[PDB]
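Undergrad: The structure is given below, and queries will be raised subsequently.
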């Protein structure tokens, strides 16, 4: 129910969170704790780089921009490393993961405060993805997933079943615990007992 977001990067990160939270400027060291009610689904928190917001809370962001606003209401523009979660009330379970399906921009840690059996423990994506990113997927401040760059069933899995590709593997090899393509379920799927824990999202662990 309670997610704590912290920035550890040697640079400022504008945190964002939907459907609850909005956005928050976080200089190195700062924290932002949001409360997510049981029943919150299709939720995600992420970080935006090089934002230039005016005093009215508007402007643009280099990565993860959500329609020119600080208080994010909708999703952000790739590439943006994502902490995805859903606090299901039907099952009493918490389904979460770290996704690279929309690219990578900032390294992070997505961990439950109370870890337990194998599927409910801390996971991270801290490899130097931005520096090794293929020239075909490289953009200012991030690395796009091939589905974004190229589109098509092969990468996006819209027409039917799919498997990993050379480019999804670039991400998977470096961050094995995260979704590298649309149906990377088996190795990117995490679950914790509802209420048995809170969560923490850290940028640049």
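Numbering starts at 1 and runs along the chain as displayed.
Header says: X-ray crystallography, 2.3 Å.
Every residue, even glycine, has its Cβ placed from backbone N, Cα and C.
Positions annotated as disulfide bond by Swiss-Prot: 9-204, 51-61, 66-72, 120-192, 125-175, 133-143, 147-156, 157-162.
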Undergrad: Among all protein chains shown, how many Cβ atoms are found within 10 Å of the Cβ of residue 157 (disulfide bond), not counting that one?
TA: 17
Undergrad: For the disulfide-bonded residues 51, 72, 125, 192, 204, work out the Cβ neighbour count at 10 Å and name the residue with the minimum.
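TA: Minimum Cβ neighbour count within 10 Å, taken over the disulfide-bonded residues 51, 72, 125, 192, 204, occurs at 204.
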Undergrad: Could you tell me the C-alpha distance between residue 125 (disulfide bond) and residue 204 (disulfide bond) in angstrom, no decimals?
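TA: Checking the Cα atoms of residue 125 (disulfide bond) and residue 204 (disulfide bond) gives a distance of 9 Å.
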Undergrad: Please work out the number of neighbouring Cβ atoms within 10 Å of the Cβ of residue 66 (disulfide bond), leaving out its own Cβ.
TA: 22
Undergrad: For residue 156 (disulfide bond), which residues of its chain lie six or more apart in sequence with Cβ-Cβ distance below 8 Å?
TA: 147, 162, 182
